[PDB]
Amino acid sequence: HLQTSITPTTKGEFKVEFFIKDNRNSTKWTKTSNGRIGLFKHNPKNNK
Amino acid sequence: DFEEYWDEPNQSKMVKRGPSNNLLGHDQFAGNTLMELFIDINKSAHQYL
């Protein structure tokens, strides 16, 4: 059971943290990876 | 020769807790801790609201 959480942090920004467990039995998750992303439209005029 | 057999998924345990008197509610075991709750103020434990 992998579950991703998305947390609103700032304008555009977001925080991503993951967890795992065993499905039918486990109440215990242990975070495996995390990071931050940002929803900003890029500038495609420096490309190709 | 009695032996004990039983199998209830922990989800059934998390469901049989029913409503919660306090306003914190019951725990949805997931990710960062998550405290859920349903309120119907007509009931006894929330009537004072």
# chains A, B, ... in the order shown; residues from 1 in each chain; ligands from 1
$ residues_around --residues "residue 30 in chain B" --least-positions-apart "4" --cutoff "10 Å" --atoms "only C-alpha atoms" --output "ChimeraX atom specification"
/A:3,5,19-21,27-29 /B:34-35
$ write_last_selection --atoms "N, CA, C and O atoms" --output "PDB file, in the first residue's frame"
ATOM      1  N   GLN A   3       0.943   5.334  -0.578  1.00  0.00           N
ATOM      2  CA  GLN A   3       0.045   6.478  -0.536  1.00  0.00           C
ATOM      3  C   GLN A   3       0.859   7.755  -0.645  1.00  0.00           C
ATOM      4  O   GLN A   3       1.809   7.955   0.116  1.00  0.00           O
ATOM      5  N   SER A   5       0.888  11.880  -0.464  1.00  0.00           N
ATOM      6  CA  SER A   5       0.179  13.025   0.078  1.00  0.00           C
ATOM      7  C   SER A   5       0.672  14.290  -0.602  1.00  0.00           C
ATOM      8  O   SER A   5       1.875  14.468  -0.804  1.00  0.00           O
ATOM      9  N   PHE A  19       4.363   7.099   1.511  1.00  0.00           N
ATOM     10  CA  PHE A  19       4.370   6.138   2.608  1.00  0.00           C
ATOM     11  C   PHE A  19       4.062   4.750   2.060  1.00  0.00           C
ATOM     12  O   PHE A  19       3.524   4.606   0.962  1.00  0.00           O
ATOM     13  N   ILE A  20       4.408   3.718   2.840  1.00  0.00           N
ATOM     14  CA  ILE A  20       4.080   2.343   2.482  1.00  0.00           C
ATOM     15  C   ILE A  20       3.637   1.588   3.727  1.00  0.00           C
ATOM     16  O   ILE A  20       3.815   2.048   4.856  1.00  0.00           O
ATOM     17  N   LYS A  21       3.079   0.398   3.505  1.00  0.00           N
ATOM     18  CA  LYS A  21       2.661  -0.501   4.579  1.00  0.00           C
ATOM     19  C   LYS A  21       2.270  -1.840   3.960  1.00  0.00           C
ATOM     20  O   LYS A  21       2.430  -2.064   2.757  1.00  0.00           O
ATOM     21  N   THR A  27      -1.145  -0.786  10.320  1.00  0.00           N
ATOM     22  CA  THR A  27      -1.466   0.610  10.570  1.00  0.00           C
ATOM     23  C   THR A  27      -0.222   1.489  10.563  1.00  0.00           C
ATOM     24  O   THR A  27      -0.317   2.707  10.753  1.00  0.00           O
ATOM     25  N   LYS A  28       0.945   0.902  10.321  1.00  0.00           N
ATOM     26  CA  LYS A  28       2.225   1.594  10.431  1.00  0.00           C
ATOM     27  C   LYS A  28       2.745   1.924   9.036  1.00  0.00           C
ATOM     28  O   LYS A  28       3.094   1.023   8.268  1.00  0.00           O
ATOM     29  N   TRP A  29       2.798   3.212   8.713  1.00  0.00           N
ATOM     30  CA  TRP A  29       3.474   3.680   7.515  1.00  0.00           C
ATOM     31  C   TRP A  29       4.856   4.215   7.866  1.00  0.00           C
ATOM     32  O   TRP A  29       5.105   4.686   8.978  1.00  0.00           O
TER      33      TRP A  29
ATOM     34  N   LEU B  34      -4.446  11.592  10.642  1.00  0.00           N
ATOM     35  CA  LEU B  34      -5.648  12.182  10.068  1.00  0.00           C
ATOM     36  C   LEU B  34      -6.819  11.851  10.977  1.00  0.00           C
ATOM     37  O   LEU B  34      -7.159  10.679  11.149  1.00  0.00           O
ATOM     38  N   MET B  35      -7.435  12.876  11.545  1.00  0.00           N
ATOM     39  CA  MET B  35      -8.496  12.716  12.526  1.00  0.00           C
ATOM     40  C   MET B  35      -9.830  13.105  11.899  1.00  0.00           C
ATOM     41  O   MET B  35     -10.090  14.287  11.667  1.00  0.00           O
TER      42      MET B  35
END
$ residues_around --residues "residue 38 in chain A" --least-positions-apart "6" --cutoff "10 Å" --atoms "only C-alpha atoms" --output "PyMOL selection string"
chain A and resi 9-15
$ write_last_selection --atoms "N, CA and C atoms" --output "mmCIF file, in the first residue's frame"
data_model
loop_
_atom_site.group_PDB
_atom_site.id
_atom_site.type_symbol
_atom_site.label_atom_id
_atom_site.label_comp_id
_atom_site.auth_asym_id
_atom_site.auth_seq_id
_atom_site.Cartn_x
_atom_site.Cartn_y
_atom_site.Cartn_z
ATOM 1 N N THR A 9 1.525 24.359 -0.149
ATOM 2 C CA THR A 9 2.547 25.082 0.597
ATOM 3 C C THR A 9 2.507 26.574 0.314
ATOM 4 N N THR A 10 2.632 26.983 -0.943
ATOM 5 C CA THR A 10 2.630 28.390 -1.315
ATOM 6 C C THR A 10 1.840 28.519 -2.611
ATOM 7 N N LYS A 11 1.840 29.716 -3.184
ATOM 8 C CA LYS A 11 1.281 29.927 -4.512
ATOM 9 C C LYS A 11 2.050 29.047 -5.487
ATOM 10 N N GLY A 12 1.346 28.141 -6.156
ATOM 11 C CA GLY A 12 1.972 27.282 -7.139
ATOM 12 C C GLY A 12 2.712 26.098 -6.555
ATOM 13 N N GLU A 13 3.401 26.308 -5.438
ATOM 14 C CA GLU A 13 4.217 25.261 -4.852
ATOM 15 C C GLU A 13 3.345 24.171 -4.234
ATOM 16 N N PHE A 14 3.959 23.010 -4.024
ATOM 17 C CA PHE A 14 3.300 21.879 -3.389
ATOM 18 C C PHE A 14 4.368 21.002 -2.759
ATOM 19 N N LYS A 15 3.949 20.184 -1.800
ATOM 20 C CA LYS A 15 4.839 19.283 -1.083
ATOM 21 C C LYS A 15 4.327 17.861 -1.230
#
$ interface_residues --of "chain B" --to "chain A" --cutoff "10 Å" --atoms "only C-alpha atoms" --output "PyMOL selection string"
chain B and resi 8-11+28-32
$ residues_around --residues "range 15-25 of chain B" --least-positions-apart "3" --cutoff "9 Å" --atoms "only C-alpha atoms" --output "ChimeraX atom specification"
/B:10-12,35-39,44-46
$ write_last_selection --atoms "N, CA, C and O atoms" --output "JSON list (two decimals), in the first residue's frame"
[["chain", "number", "residue", "atom", "x", "y", "z"],
["B", 10, "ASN", "N", -8.68, -5.49, 9.55],
["B", 10, "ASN", "CA", -8.59, -4.37, 10.47],
["B", 10, "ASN", "C", -9.51, -3.24, 10.07],
["B", 10, "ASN", "O", -9.87, -2.40, 10.90],
["B", 11, "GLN", "N", -9.92, -3.20, 8.80],
["B", 11, "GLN", "CA", -10.90, -2.20, 8.38],
["B", 11, "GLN", "C", -12.21, -2.36, 9.14],
["B", 11, "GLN", "O", -12.81, -1.37, 9.55],
["B", 12, "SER", "N", -12.65, -3.60, 9.34],
["B", 12, "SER", "CA", -13.84, -3.83, 10.14],
["B", 12, "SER", "C", -13.65, -3.34, 11.57],
["B", 12, "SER", "O", -14.60, -2.82, 12.17],
["B", 35, "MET", "N", -7.43, 12.88, 11.55],
["B", 35, "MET", "CA", -8.50, 12.72, 12.53],
["B", 35, "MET", "C", -9.83, 13.10, 11.90],
["B", 35, "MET", "O", -10.09, 14.29, 11.67],
["B", 36, "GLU", "N", -10.68, 12.12, 11.64],
["B", 36, "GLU", "CA", -11.96, 12.38, 11.00],
["B", 36, "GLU", "C", -13.08, 12.31, 12.02],
["B", 36, "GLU", "O", -12.93, 11.74, 13.10],
["B", 37, "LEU", "N", -14.23, 12.88, 11.66],
["B", 37, "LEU", "CA", -15.34, 13.02, 12.59],
["B", 37, "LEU", "C", -16.64, 13.36, 11.86],
["B", 37, "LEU", "O", -16.63, 14.14, 10.90],
["B", 38, "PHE", "N", -17.75, 12.79, 12.31],
["B", 38, "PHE", "CA", -19.08, 13.15, 11.82],
["B", 38, "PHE", "C", -19.92, 13.68, 12.98],
["B", 38, "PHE", "O", -19.94, 13.09, 14.06],
["B", 39, "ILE", "N", -20.63, 14.78, 12.73],
["B", 39, "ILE", "CA", -21.38, 15.48, 13.76],
["B", 39, "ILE", "C", -22.85, 15.55, 13.37],
["B", 39, "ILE", "O", -23.21, 15.94, 12.26],
["B", 44, "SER", "N", -26.72, 12.90, 21.65],
["B", 44, "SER", "CA", -26.55, 13.20, 23.06],
["B", 44, "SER", "C", -25.19, 13.82, 23.36],
["B", 44, "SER", "O", -25.09, 14.80, 24.11],
["B", 45, "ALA", "N", -24.13, 13.27, 22.78],
["B", 45, "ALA", "CA", -22.78, 13.70, 23.11],
["B", 45, "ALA", "C", -22.42, 15.06, 22.52],
["B", 45, "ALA", "O", -21.41, 15.64, 22.93],
["B", 46, "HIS", "N", -23.20, 15.57, 21.58],
["B", 46, "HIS", "CA", -22.99, 16.90, 21.01],
["B", 46, "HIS", "C", -24.19, 17.81, 21.20],
["B", 46, "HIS", "O", -24.26, 18.86, 20.57]]
$ atom_distance --atom1 "CA of residue 36 in chain A" --atom2 "CA of residue 8 in chain A"
10.1 Å
$ select_by_dssp --residues "chain B" --states "strand (DSSP E or B)" --output "ChimeraX atom specification"
/B:26-27,35-36
$ atom_distance --atom1 "CA of residue 16 in chain A" --atom2 "CA of residue 33 in chain A"
8.3 Å
$ atom_distance --atom1 "CA of residue 6 in chain A" --atom2 "CA of residue 39 in chain A"
12.8 Å
$ select_by_dssp --residues "chain B" --states "helix (DSSP H, G or I)" --output "list in words"
residues 10, 11, 12, 13, 14 and 15 of chain B
$ decode --residues "range 5-32 of chain B" --atoms "N, CA, C and O atoms" --output "mmCIF file, in the first residue's frame"
data_model
loop_
_atom_site.group_PDB
_atom_site.id
_atom_site.type_symbol
_atom_site.label_atom_id
_atom_site.label_comp_id
_atom_site.auth_asym_id
_atom_site.auth_seq_id
_atom_site.Cartn_x
_atom_site.Cartn_y
_atom_site.Cartn_z
ATOM 1 N N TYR B 5 -10.334 -19.985 15.504
ATOM 2 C CA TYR B 5 -10.167 -19.442 14.165
ATOM 3 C C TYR B 5 -11.063 -18.228 13.997
ATOM 4 O O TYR B 5 -12.218 -18.229 14.432
ATOM 5 N N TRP B 6 -10.521 -17.198 13.357
ATOM 6 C CA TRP B 6 -11.201 -15.923 13.192
ATOM 7 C C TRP B 6 -10.399 -15.105 12.201
ATOM 8 O O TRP B 6 -9.173 -15.213 12.134
ATOM 9 N N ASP B 7 -11.102 -14.283 11.427
ATOM 10 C CA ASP B 7 -10.425 -13.403 10.481
ATOM 11 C C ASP B 7 -11.335 -12.205 10.227
ATOM 12 O O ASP B 7 -12.277 -12.301 9.440
ATOM 13 N N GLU B 8 -11.041 -11.091 10.884
ATOM 14 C CA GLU B 8 -11.710 -9.837 10.585
ATOM 15 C C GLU B 8 -10.661 -8.850 10.105
ATOM 16 O O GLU B 8 -9.693 -8.581 10.836
ATOM 17 N N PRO B 9 -10.782 -8.316 8.894
ATOM 18 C CA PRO B 9 -9.824 -7.306 8.443
ATOM 19 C C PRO B 9 -9.850 -6.110 9.374
ATOM 20 O O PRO B 9 -10.891 -5.757 9.933
ATOM 21 N N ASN B 10 -8.682 -5.491 9.551
ATOM 22 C CA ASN B 10 -8.585 -4.369 10.475
ATOM 23 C C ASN B 10 -9.512 -3.236 10.068
ATOM 24 O O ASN B 10 -9.868 -2.399 10.903
ATOM 25 N N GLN B 11 -9.921 -3.195 8.798
ATOM 26 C CA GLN B 11 -10.899 -2.200 8.377
ATOM 27 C C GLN B 11 -12.206 -2.358 9.139
ATOM 28 O O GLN B 11 -12.815 -1.366 9.553
ATOM 29 N N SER B 12 -12.647 -3.600 9.342
ATOM 30 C CA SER B 12 -13.842 -3.827 10.144
ATOM 31 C C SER B 12 -13.655 -3.341 11.573
ATOM 32 O O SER B 12 -14.598 -2.821 12.174
ATOM 33 N N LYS B 13 -12.458 -3.506 12.138
ATOM 34 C CA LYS B 13 -12.195 -2.931 13.451
ATOM 35 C C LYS B 13 -12.304 -1.415 13.415
ATOM 36 O O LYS B 13 -12.892 -0.806 14.315
ATOM 37 N N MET B 14 -11.750 -0.788 12.378
ATOM 38 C CA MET B 14 -11.829 0.662 12.262
ATOM 39 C C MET B 14 -13.241 1.157 11.997
ATOM 40 O O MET B 14 -13.511 2.341 12.218
ATOM 41 N N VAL B 15 -14.142 0.298 11.533
ATOM 42 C CA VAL B 15 -15.522 0.689 11.290
ATOM 43 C C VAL B 15 -16.390 0.483 12.525
ATOM 44 O O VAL B 15 -17.246 1.314 12.829
ATOM 45 N N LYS B 16 -16.172 -0.600 13.257
ATOM 46 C CA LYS B 16 -16.969 -0.869 14.449
ATOM 47 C C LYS B 16 -16.718 0.109 15.576
ATOM 48 O O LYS B 16 -17.330 -0.054 16.637
ATOM 49 N N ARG B 17 -15.858 1.118 15.433
ATOM 50 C CA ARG B 17 -15.683 2.081 16.511
ATOM 51 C C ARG B 17 -16.879 3.018 16.600
ATOM 52 O O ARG B 17 -17.092 3.674 17.625
ATOM 53 N N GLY B 18 -17.652 3.117 15.523
ATOM 54 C CA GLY B 18 -18.847 3.922 15.516
ATOM 55 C C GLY B 18 -18.565 5.396 15.703
ATOM 56 O O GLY B 18 -17.469 5.883 15.423
ATOM 57 N N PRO B 19 -19.555 6.136 16.188
ATOM 58 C CA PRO B 19 -19.365 7.570 16.413
ATOM 59 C C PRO B 19 -18.429 7.825 17.581
ATOM 60 O O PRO B 19 -18.001 6.915 18.292
ATOM 61 N N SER B 20 -18.105 9.101 17.771
ATOM 62 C CA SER B 20 -17.154 9.525 18.789
ATOM 63 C C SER B 20 -17.784 10.618 19.635
ATOM 64 O O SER B 20 -18.307 11.597 19.094
ATOM 65 N N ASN B 21 -17.728 10.456 20.957
ATOM 66 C CA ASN B 21 -18.280 11.466 21.852
ATOM 67 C C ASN B 21 -17.504 12.772 21.743
ATOM 68 O O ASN B 21 -18.086 13.848 21.568
ATOM 69 N N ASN B 22 -16.183 12.694 21.841
ATOM 70 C CA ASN B 22 -15.371 13.888 21.734
ATOM 71 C C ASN B 22 -15.403 14.415 20.303
ATOM 72 O O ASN B 22 -15.807 13.729 19.364
ATOM 73 N N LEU B 23 -14.968 15.661 20.148
ATOM 74 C CA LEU B 23 -14.988 16.313 18.848
ATOM 75 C C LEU B 23 -13.749 16.018 18.021
ATOM 76 O O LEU B 23 -13.635 16.527 16.904
ATOM 77 N N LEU B 24 -12.804 15.244 18.548
ATOM 78 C CA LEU B 24 -11.643 14.884 17.745
ATOM 79 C C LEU B 24 -12.018 13.865 16.683
ATOM 80 O O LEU B 24 -11.554 13.948 15.542
ATOM 81 N N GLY B 25 -12.875 12.915 17.032
ATOM 82 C CA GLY B 25 -13.270 11.880 16.104
ATOM 83 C C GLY B 25 -12.346 10.683 16.135
ATOM 84 O O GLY B 25 -11.433 10.567 16.957
ATOM 85 N N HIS B 26 -12.595 9.767 15.208
ATOM 86 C CA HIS B 26 -11.850 8.523 15.163
ATOM 87 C C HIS B 26 -10.764 8.581 14.094
ATOM 88 O O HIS B 26 -10.828 9.358 13.140
ATOM 89 N N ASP B 27 -9.748 7.744 14.276
ATOM 90 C CA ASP B 27 -8.526 7.840 13.491
ATOM 91 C C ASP B 27 -8.634 7.062 12.190
ATOM 92 O O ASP B 27 -8.950 5.872 12.183
ATOM 93 N N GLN B 28 -8.345 7.739 11.090
ATOM 94 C CA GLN B 28 -8.135 7.092 9.800
ATOM 95 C C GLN B 28 -6.632 6.904 9.668
ATOM 96 O O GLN B 28 -5.902 7.853 9.370
ATOM 97 N N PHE B 29 -6.167 5.683 9.905
ATOM 98 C CA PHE B 29 -4.739 5.417 9.857
ATOM 99 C C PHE B 29 -4.226 5.581 8.435
ATOM 100 O O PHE B 29 -4.428 4.700 7.595
ATOM 101 N N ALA B 30 -3.554 6.696 8.162
ATOM 102 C CA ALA B 30 -3.066 6.979 6.820
ATOM 103 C C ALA B 30 -2.098 8.148 6.884
ATOM 104 O O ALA B 30 -2.372 9.163 7.529
ATOM 105 N N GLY B 31 -0.969 7.991 6.194
ATOM 106 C CA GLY B 31 0.022 9.039 6.019
ATOM 107 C C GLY B 31 0.298 9.860 7.257
ATOM 108 O O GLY B 31 0.399 9.318 8.360
ATOM 109 N N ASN B 32 0.428 11.172 7.083
ATOM 110 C CA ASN B 32 0.375 12.067 8.227
ATOM 111 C C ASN B 32 -0.958 11.883 8.937
ATOM 112 O O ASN B 32 -2.010 11.791 8.300
#
